[PDB]
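Below is one structure, written out as structure tokens; comments come after it.
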Ligand SMILES: *[C@@H]1O[C@H](CO)[C@@H](O[C@@H]2O[C@H](CO)[C@@H](O)[C@H](O)[C@H]2NC(C)=O)[C@H](O)[C@H]1NC(C)=O
Ligand SMILES: *[C@@H]1O[C@H](CO)[C@@H](O)[C@H](O)[C@H]1NC(C)=O
Ligand SMILES: *[C@@H]1O[C@H](CO)[C@@H](O)[C@H](O)[C@H]1NC(C)=O
Ligand SMILES: *[C@@H]1O[C@H](CO)[C@@H](O)[C@H](O)[C@H]1NC(C)=O
Ligand code: NA
Ligand code: NA
Ligand code: NA
């Protein structure tokens, strides 16, 4: 008995079981058919006659939920039979696919993805108009939602920008239909900081015994792609002889090495020789070891026998071919020899054809027992394989062959061929996972049978057909697709039959259905290599085109069904390129034309098509080709250097042509930036030549000095055959001063209602110590507080910001900008877009600090902070105005956490580490923090409404504490909260705050002198604004405006958030409707003129560079608002200093000139009640040419752990973060390597400072063993004073 039914069950589809009775004992067989959570309970007493099959239909009830489903077939009466099958229920009629342009992404880049939705017919579902797609990070935060993502021909396409500092790990693209997951796909985001490199070792030509040698390509690269320089020790082991061949060579990224054998004579046609390569990186001595087995071959080709079927049929023709291939898998053409099969007296002397085949049609007589296929070539090569005859028990097969094409209402014709003379065989045809038709066929003891079937409409547009019989005591089958070509998407993609060449263009040719959507994608196998262990898109898409998917291929599994039979019967057995979508257009074809990227790599090109009617069309296999750059140059530069330092700029050349060529490398002196040591400053370029053999990196370098601070352009051109082949690069080195220059900005504003003339004099000479070189100074006119801010929105501070609080510079300022230019109703679209986009990036970024709590902490993982949770939570709520990507539930969770932290009395205490003493401290009854939390909730209407209880209790607390609030910081916040709340005590609170204010009468300044004067003065200004005290507010603004950092922000984080809010609020209310003024800048002997006449000025520069002068005169005349700024760029000497910190450095003895181990110890100097600092950072600066490795920090003290290590400026600077410091000694050791040759180097330094009060800091200088200029140069450019 043979029982075949579908394996998958649906809500309405008729389930058709087929039972075939080929048993010749009885005349009929009787069967019980149980089909059974307890939702289905259908049974049928069924009769099946001999030499026939029955088809039993089952109506599936509409209300079928998920559960456990079974089918049971029991032989009733005098016939034992028990068979059983698991039946998988399917909820949906549709299937989903996600295509991602890359498997791994880096911090910078964009994820592009497409969501494919096809129904059972493999076409866009008519019902499904849109989908729900959500992307979340490695910790499941929702970063991007598309609630209603429209399908266009079944496809939805979109992208996500990855943040500069994103969550590393596995991200999830999730697709949902009607609130149920249809498809999920992951992708990785990884860091390039994998400074470890990988070594490749492969033969450069395939080794033949006759060569008596092995030629090897050794290749060493970092993951990003840059070549590594080192020394490679190559060993090759001959163990039969106890031999060991050794060679060493310097490898500049890529090298060749020939190892010569002695009397090498293999016992077989093949021998594996083990090779070991130790690659020692240049200065670091980082060693990577790579091993492989290298096969030496006697012949340049191999033969295998490819047979039409594993065994032959005694009287019938037998088709096979001798397949010749080279040892790289490619066809080997023109290989000649003599084939002979003596059993049949067959013989032919011929050569392998263009496909590498020698085709054979042999003819065994029934007599013939086996076929001995001999091949002998004059080179001594021989190949023999025996073919045996078919043995019914193990060898029997049945095959299916389509004899006519397949059309709508026509007969389909098949030749069924079996090894056995058939008394029966069975067919089944299934479409959309159900058996549509089946038959019991009775050949009259015949090996061949012409099967004919009418194509029915339920078979349209795609069906398949299974045939099966019993031979011996095993079930043999075959199958075929039934693809109706007239109803198909006949999609095809092809590439022009030529060498595809980097930089040049190529033409893509494609054909299909006129309307059809086409999705294209190309991946380099380098990106596929590292992670092919996960699910490829092309395998997914190609599978769905066919059927279903460990162990071995089960045809029934894949066809969507199960088989069962008698117990004793067996069954037989680095940017994305060509991410384009297009349409096929009028003629049924399109030709897309594209530029091939300038890179050496191998491509995997893919294309699919979906037609709204004809559905899914796919290409057979992916298109493959390689692009090989003839010639290129790779740079290897330090991130930064300093003026006066002699630096070697090292490059490496690569030649991929067939011969050795002299390369000419030119380094340019761009805008007087570059001195070439040993030649005049007037020279604009320097050219050196070097020979470059094929496939061997050769180094080239230039000894230079930098003339100018800033960005040095590194402009190089290289060529080989009189310029028939060139490469160029445009790169950057940062030239820096000795001391981290600390810019001062003096600013004065004017706000003219009526036509006014005013003359502002400015003295400059408060600007020198012992050495200042020559401080450089610039005047700036700005129409708005936000012009420089908006300009600098991504880089507002000159201080690191890697902590939860600090990280809000990438978020809050964007809100300030947006909600200011909304209040003024600005139409400057570019500006709004910019702040909007960065706000989005900032959300992604802030999420790093969300805790399991639902709270926000100072570090990626730490106890939540009530300050931070109030700060972030409310700030995000505000941000819902401008971006839709904010997770509301996530915000609610944060604010609930915050609300639960409140005390019965209404008071808030700190939680987690104390990084900001003045805010978090509980030395003044918790007024600051309580006031802040209330303030933050008060600023947002939605939060106000949803946490009325917290505000009420909070305001009661303040009301109780008011008489004791003696600290201007606390009072300024409490007052502002009261103003927002309209608390009866607001007028009283503000009067008190005013009473504590200070004055500078000479400058018309009002401010508050606390240890954080910017914050408290800013909070006071908000209250002034809220109380409409505009005239008394200008002296306050006068002061604040003048504490601003060069970018328009304030030098620090909270200073910036409160400060800009306050300035911006005050600005909106005091500045005229229109700006119409003239500014005359008079200095020494000159006069510069500026005119501002628009109000919608904002993206406007009015920079100017005063020279080394003493005085300055600014005459303003007209109407409007403006900022008059002077910027100083001091160049103070680099000197040891300490104020309230102790910092000691010591260099440890490494025993290598190329390694620096710097021991750092810092501690705070406690005084009176001030025992610990705020959050403290250490920055370590390196000498020019040094780089830190992967984990540069060791021997950390444990008392007070480093909470964060950040490596920046190409491993040139290391920032370490602490919650705070006291008198404990916080030490660590930093390891760095000398990576670049630099002479006459300037000293480096280490800093420690209190983040929220940078006046408290220490700085210590250090020097590394000074390299000599005479060691640094190559003999050509070594100057006069050397030798
Ligand atoms: C690439 O596919 C996109 C859809 O992902 C096509 O853009 C759509 O074009 C149709 C025109 O019928 C509009 O109704 C949609 O609004 C467009 N969608 C979006 C979001 O752009 C686009 O035409 C395709 N590209 C080409 C040139 O063939
Ligand atoms: C991706 O999303 C779905 C549902 O959210 C889930 O099945 C799957 O586990 C997720 N993948 C990962 C890596 O968490
Ligand atoms: C092995 O390398 C050397 C140096 O390139 C070359 O001359 C020799 O021909 C190579 N062997 C083969 C068989 O290519
Ligand atoms: C690496 O080895 C070289 C050569 O032996 C030596 O000069 C150098 O000191 C070593 N570097 C380190 C980091 O130990
Ligand atoms: Na806190
Ligand atoms: Na001042
Ligand atoms: Na030096």
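In the working numbering, the protein residues as written are 524 to 1806.
Note that CB positions come from ideal geometry on N, CA and C, so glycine has one too.
Beta-carbon proximity list for residue i, same chain, < 8 Å, skipping 5 on both sides
i            : result
residue 1165 : 1229, 1258, 1259, 1260, 1261, 1707, 1764, 1765
residue 877  : 854, 856
Separation of residue j from residue i, as counted between CA atoms
i            : j            : result
residue 1762 : residue 1187 : 26 Å
residue 1110 : residue 969  : 49 Å
residue 1234 : residue 1167 : 15 Å
residue 618  : residue 699  : 11 Å
residue 575  : residue 708  : 47 Å
residue 1578 : residue 1701 : 21 Å
residue 1400 : residue 1413 : 10 Å
residue 723  : residue 1125 : 17 Å
residue 1357 : residue 1494 : 36 Å
residue 1104 : residue 675  : 11 Å
residue 1559 : residue 1540 : 7 Å
residue 917  : residue 834  : 10 Å
residue 1305 : residue 1290 : 23 Å
residue 1628 : residue 1606 : 11 Å
residue 719  : residue 745  : 6 Å
Counted within 10 angstroms of its Cβ, other Cβ atoms place residue i as buried (16 or more) or exposed
i            : result
residue 687  : exposed
residue 781  : exposed
residue 1718 : exposed
residue 1528 : buried
residue 1437 : buried
residue 829  : exposed
residue 1318 : exposed
residue 1371 : buried
residue 1758 : buried
residue 1425 : buried
Beta-carbon proximity list for residue i, same chain, < 7 Å, skipping 5 on both sides
i            : result
residue 891  : 837, 866, 867
residue 1373 : 664, 1379
Residues near residue i in its chain [Cβ-Cβ closer than 6 Å; skip 5 each side]
i           : result
residue 807 : 1756
residue 669 : 656
residue 768 : 759, 782
Beta bridge counterpart(s) of residue i as assigned by DSSP
i            : result
residue 1614 : 1601
residue 1803 : Answer by DSSP bridge pairing: none, since residue 1803 is not bridged.
residue 853  : According to DSSP, which records beta bridges pairwise, residue 853 is partnered with nothing at all.
residue 1193 : Answer is none; residue 1193 lacks a bridge partner.
residue 1014 : According to DSSP, residue 1014 bridges with nothing at all.
residue 1542 : For residue 1542, which the question treats as bridged, DSSP gives no partner whatsoever.
residue 633  : 684
residue 1061 : Looking at the DSSP assignment, residue 1061 forms no beta bridge with any residue, so it has no partner.
residue 1661 : 1781
Interface flag, residue i vs chain D, CB-CB below 7 Å
i           : result
residue 813 : This model lacks chain D altogether; it includes just one protein chain.
Practice prompt. Check whether the stretch 633–653 touches the stretch 1332–1343, counting contact only when three or more Cβ pairs, one atom from each stretch, lie closer than 8 Å.
Written response: no
- [ ] Could you tell me whether the stretch 878–894 touches the stretch 831–849, where touching means 3 or more Cβ pairs closer than 8 Å?
- [x] yes
If you pair each beta-carbon of the stretch 950–957 with each one of the stretch 978–989, do three or more pairs fall below 8 Å? yes
Next on the checklist: Under 8 Å: do the stretch 1132–1151 and the stretch 1061–1080 share three or more Cβ pairs, one atom per stretch?
Outcome noted: With the cut-off at 8 Å, the stretch 1132–1151 and the stretch 1061–1080 touch.
With three or more C-beta pairs closer than 8 Å as the rule, is the stretch 1171–1182 touching the stretch 1145–1157? yes
Review point. How do the stretch 1207–1227 and the stretch 1276–1283 stand: do at least 3 beta-carbon pairs fall below 8 Å, yes or no?
Key: no
Note to self: Under 8 Å: do the stretch 1321–1329 and the stretch 1556–1576 share three or more Cβ pairs, one atom per stretch?
What the structure shows: yes
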